[PDB]
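Everything below belongs to upload_8.cif, which stores mmCIF, C-alpha atoms.
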data_upload
#
loop_
_atom_site.label_atom_id
_atom_site.label_comp_id
_atom_site.auth_asym_id
_atom_site.auth_seq_id
_atom_site.Cartn_x
_atom_site.Cartn_y
_atom_site.Cartn_z
CA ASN E 10 -10.55 -240.06 -92.34
CA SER E 11 -6.89 -239.98 -93.35
CA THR E 12 -5.89 -240.05 -89.68
CA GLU E 13 -7.78 -243.25 -88.81
CA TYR E 14 -7.14 -246.80 -90.03
CA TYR E 15 -9.40 -249.53 -88.71
CA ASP E 16 -8.67 -252.24 -91.33
CA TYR E 17 -5.73 -253.75 -89.46
CA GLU E 18 -7.82 -254.39 -86.36
CA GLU E 19 -10.54 -256.02 -88.47
CA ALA E 20 -8.07 -258.04 -90.55
CA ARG E 21 -6.50 -259.36 -87.34
CA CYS E 22 -9.91 -260.74 -86.34
CA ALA E 23 -10.91 -262.40 -89.63
CA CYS E 24 -9.83 -265.94 -88.62
CA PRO E 25 -12.17 -268.86 -87.89
CA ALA E 26 -12.97 -269.62 -84.25
CA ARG E 27 -14.02 -272.82 -82.52
CA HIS E 28 -17.78 -273.36 -82.33
CA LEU E 29 -19.72 -275.96 -80.35
CA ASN E 30 -22.17 -278.40 -81.95
CA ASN E 31 -25.77 -279.12 -80.95
CA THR E 32 -28.50 -281.74 -81.59
CA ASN E 33 -31.50 -279.73 -82.89
CA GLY E 34 -30.10 -278.54 -86.22
CA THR E 35 -29.50 -274.88 -85.30
CA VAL E 36 -26.39 -272.88 -86.17
CA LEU E 37 -23.08 -273.67 -84.52
CA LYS E 38 -22.29 -271.26 -81.70
CA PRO E 39 -19.12 -270.27 -79.84
CA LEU E 40 -18.57 -270.15 -76.11
CA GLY E 41 -19.19 -266.50 -75.21
CA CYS E 42 -18.42 -263.60 -77.52
CA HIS E 43 -14.61 -263.38 -77.50
CA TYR E 44 -12.05 -265.31 -79.53
CA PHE E 45 -8.32 -265.27 -80.22
CA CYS E 46 -6.73 -265.00 -83.67
CA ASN E 47 -2.96 -265.50 -83.47
CA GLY E 48 -2.87 -264.19 -79.90
CA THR E 49 -5.07 -261.16 -80.60
CA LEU E 50 -8.22 -260.78 -78.51
CA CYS E 51 -11.30 -260.46 -80.75
CA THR E 52 -14.98 -259.73 -80.09
CA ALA E 53 -17.86 -261.25 -82.02
CA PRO E 54 -20.12 -258.68 -83.72
CA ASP E 55 -23.37 -257.61 -82.07
CA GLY E 56 -26.17 -259.99 -83.00
CA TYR E 57 -23.90 -263.05 -83.42
CA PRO E 58 -25.16 -266.20 -81.65
CA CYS E 59 -23.35 -267.62 -78.64
CA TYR E 60 -23.55 -269.99 -75.70
CA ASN E 61 -23.40 -268.49 -72.20
CA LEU E 62 -21.89 -270.93 -69.70
CA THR E 63 -20.53 -270.25 -66.23
CA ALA E 64 -17.03 -271.47 -65.45
CA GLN E 65 -18.43 -274.49 -63.58
CA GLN E 66 -20.60 -275.35 -66.58
CA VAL E 67 -17.67 -275.06 -69.02
CA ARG E 68 -15.86 -277.81 -67.08
CA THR E 69 -18.73 -280.21 -67.69
CA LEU E 70 -18.58 -279.96 -71.50
CA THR E 71 -17.89 -283.21 -73.37
CA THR E 72 -18.05 -284.51 -76.94
CA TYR E 73 -21.56 -285.87 -76.12
CA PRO E 74 -24.90 -284.00 -75.93
CA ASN E 75 -25.04 -284.24 -72.13
CA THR E 76 -24.82 -280.51 -71.36
CA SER E 77 -27.69 -278.03 -71.43
CA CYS E 78 -26.29 -274.78 -72.81
CA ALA E 79 -28.04 -271.41 -72.60
CA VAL E 80 -28.28 -269.82 -76.05
CA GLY E 81 -27.50 -266.12 -76.27
CA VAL E 82 -26.86 -263.24 -78.66
CA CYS E 83 -23.68 -261.17 -78.59
CA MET E 84 -23.99 -257.49 -77.62
CA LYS E 85 -20.90 -255.40 -76.79
CA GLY E 86 -18.93 -258.59 -76.14
CA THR E 87 -21.50 -260.01 -73.70
CA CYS E 88 -23.42 -263.20 -74.48
CA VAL E 89 -26.97 -262.11 -73.61
CA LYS E 90 -29.08 -265.20 -72.91
CA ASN E 91 -32.39 -265.41 -74.79
CA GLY E 92 -34.14 -268.26 -72.95
CA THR E 93 -33.48 -271.07 -75.42
CA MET E 94 -31.65 -274.11 -74.06
CA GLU E 95 -30.03 -276.70 -76.29
CA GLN E 96 -27.74 -279.68 -75.79
CA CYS E 97 -24.30 -278.50 -76.92
CA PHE E 98 -20.97 -280.32 -77.11
CA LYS E 99 -17.42 -280.16 -78.42
CA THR E 100 -16.62 -281.43 -81.86
CA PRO E 101 -13.53 -283.68 -82.13
CA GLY T 7 -17.34 -278.52 -88.84
CA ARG T 8 -15.37 -277.28 -85.85
CA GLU T 9 -14.89 -273.63 -86.80
CA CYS T 10 -16.86 -270.72 -88.19
CA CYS T 11 -16.00 -267.23 -89.36
CA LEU T 12 -17.38 -264.29 -87.41
CA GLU T 13 -15.86 -261.60 -89.67
CA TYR T 14 -14.68 -261.27 -93.27
CA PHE T 15 -11.17 -260.26 -94.33
CA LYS T 16 -11.66 -257.28 -96.66
CA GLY T 17 -8.03 -257.06 -97.81
CA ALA T 18 -6.13 -258.71 -100.66
CA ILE T 19 -6.11 -262.52 -100.73
CA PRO T 20 -2.45 -263.60 -100.14
CA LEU T 21 -1.97 -265.58 -103.33
CA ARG T 22 1.81 -265.99 -103.03
CA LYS T 23 1.41 -267.79 -99.69
CA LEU T 24 -1.85 -269.63 -100.46
CA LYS T 25 -1.83 -273.40 -100.02
CA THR T 26 -5.41 -274.62 -99.64
CA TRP T 27 -8.94 -273.36 -99.14
CA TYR T 28 -12.23 -274.63 -97.84
CA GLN T 29 -15.83 -273.55 -97.34
CA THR T 30 -17.01 -273.60 -93.71
CA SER T 31 -19.92 -275.77 -92.55
CA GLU T 32 -23.45 -275.02 -93.74
CA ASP T 33 -24.37 -274.82 -90.03
CA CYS T 34 -22.17 -271.75 -89.58
CA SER T 35 -24.23 -268.59 -89.38
CA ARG T 36 -21.86 -266.77 -91.77
CA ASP T 37 -21.17 -268.59 -95.04
CA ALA T 38 -17.47 -268.30 -95.66
CA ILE T 39 -14.42 -269.28 -97.67
CA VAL T 40 -11.30 -269.87 -95.58
CA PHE T 41 -7.92 -269.44 -97.27
CA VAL T 42 -5.04 -271.27 -95.55
CA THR T 43 -1.46 -270.12 -96.04
CA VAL T 44 1.65 -272.29 -96.12
CA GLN T 45 2.37 -271.27 -92.52
CA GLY T 46 -1.20 -272.18 -91.56
CA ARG T 47 -2.80 -268.76 -91.19
CA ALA T 48 -6.54 -269.07 -91.84
CA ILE T 49 -8.35 -266.12 -93.40
CA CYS T 50 -12.15 -265.77 -93.55
CA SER T 51 -13.57 -264.38 -96.82
CA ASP T 52 -17.00 -263.44 -98.22
CA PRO T 53 -18.16 -266.10 -100.73
CA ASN T 54 -20.21 -263.43 -102.51
CA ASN T 55 -17.28 -261.06 -103.07
CA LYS T 56 -16.26 -260.97 -106.73
CA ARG T 57 -12.54 -261.50 -106.07
CA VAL T 58 -13.27 -264.43 -103.73
CA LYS T 59 -15.64 -266.10 -106.19
CA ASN T 60 -13.10 -265.78 -109.01
CA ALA T 61 -10.29 -267.09 -106.82
CA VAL T 62 -12.24 -270.21 -105.86
CA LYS T 63 -13.29 -270.70 -109.48
CA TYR T 64 -9.81 -270.77 -110.99
CA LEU T 65 -8.13 -272.28 -107.88
CA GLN T 66 -10.54 -275.24 -107.72
CA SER T 67 -7.66 -277.71 -107.42
CA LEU T 68 -6.64 -276.09 -104.12
CA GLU T 69 -9.88 -277.03 -102.39
CA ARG T 70 -9.71 -279.11 -99.23
CA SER T 71 -10.78 -282.68 -99.99
#
Would you mind giving the structure from this file in C-alpha cells?
Amino acid sequence: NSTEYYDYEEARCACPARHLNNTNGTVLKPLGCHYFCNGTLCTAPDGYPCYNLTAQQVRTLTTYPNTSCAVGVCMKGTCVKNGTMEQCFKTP
Amino acid sequence: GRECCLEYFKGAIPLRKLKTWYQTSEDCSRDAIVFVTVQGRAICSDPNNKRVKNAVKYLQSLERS
C-alpha cells in the first residue's frame, strides 16, 4: 500500500520500558499494557505478559517482595488477569 | 534488569549517533539488543537480525560494561 505507512508508528514504540521484578524466576512484566517512548503513548502487543494492579495497589509497590501482583496477558491494551499471583516489586 | 523491549525497531541502526549498546536481561520475554545514541535515545533491536548481529560483532568495544 503506497498510501499507508505504519513504520513510523512502530519505530516510535521500539524503546525499552520499565518492568517490575518478581521472586519466582518468571519473566519480568510491566505495569499494565501501555508505555511511553519519548512522550508517545505505546501499547504492548497482544499476548505480552503484564501485571494488573488497581490504583490503590500501585501505591503500595516497594523495592521489596511485599506486594501480591495479579499476572495478566495483554489483549487490545488491556491486562487480562490469568489467575496467577506473584510477589512483584520495583527494581532500583 | 529494569527494562525490557516489547517491540523491535525494523529501521536502519543509527550508526552516526551510536554511543553504546547492551543486551537486555535474560528474564525479559523478548531477547533484545538496545542501541543507545549520544543523546540517550534507546532503540530495541532483534538479536537474530543479520544487520544487528553484524553490528554487535564488529562494535564489540561499544558494549555496556
Define the interface residues of chain E facing chain T as those within 9 Å, counting all atoms listed in the file, and report them as a PyMOL selection string.
chain E and resi 16+19-30+34-39+47+52-54+57-58+99-101
Could you pull the residues within 7 Å of stretch 73-75 of chain E, counting only C-alpha atoms, minus those fewer than 5 positions along the same chain, as a list in words?
residues 96, 97 and 98 of chain E
Skipping near chain neighbours, those fewer than 5 positions away, what residues fall within 6 Å of stretch 83-92 of chain E using all atoms listed in the file, listed as JSON, numbers by chain?
{"E": [41, 42, 52, 55, 56, 57, 61]}
What would the selection look like, as an MDAnalysis selection string, if the PyMOL selection byres ((chain T and resi 70) around 10) were run on the coordinates I just shared?
chainID T and resid 25:29 42 66:69 71
Mind dumping the selected residues with C-alpha atoms as a short mmCIF file (atom, residue, chain, number, x, y, z; two decimals), keeping the file's coordinate frame?
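Wrote it out as out23.cif, contents follow:
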data_model
loop_
_atom_site.label_atom_id
_atom_site.label_comp_id
_atom_site.auth_asym_id
_atom_site.auth_seq_id
_atom_site.Cartn_x
_atom_site.Cartn_y
_atom_site.Cartn_z
CA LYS T 25 -1.83 -273.40 -100.02
CA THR T 26 -5.41 -274.62 -99.64
CA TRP T 27 -8.94 -273.36 -99.14
CA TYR T 28 -12.23 -274.63 -97.84
CA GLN T 29 -15.83 -273.55 -97.34
CA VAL T 42 -5.04 -271.27 -95.55
CA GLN T 66 -10.54 -275.24 -107.72
CA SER T 67 -7.66 -277.71 -107.42
CA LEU T 68 -6.64 -276.09 -104.12
CA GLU T 69 -9.88 -277.03 -102.39
CA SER T 71 -10.78 -282.68 -99.99
#
Between atom CA of residue T:55 and atom CA of residue T:18 lies a distance of 11.6 Å
What does the distance between atom CA of residue E:80 and atom CA of residue T:54 come to in Å, to one decimal place?
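Atom CA of residue T:54 lies at a distance of 28.4 Å from atom CA of residue E:80.
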Pairwise distance for atom CA of residue E:67 and atom CA of residue E:18, rounded to one decimal in Å
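So the answer is 28.7 Å.
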Quick check on the file I pasted: which residues fall under the PyMOL selection byres ((chain T and resi 44) around 6)? Write them as a PyMOL selection string.
chain T and resi 23+25+43+45-46
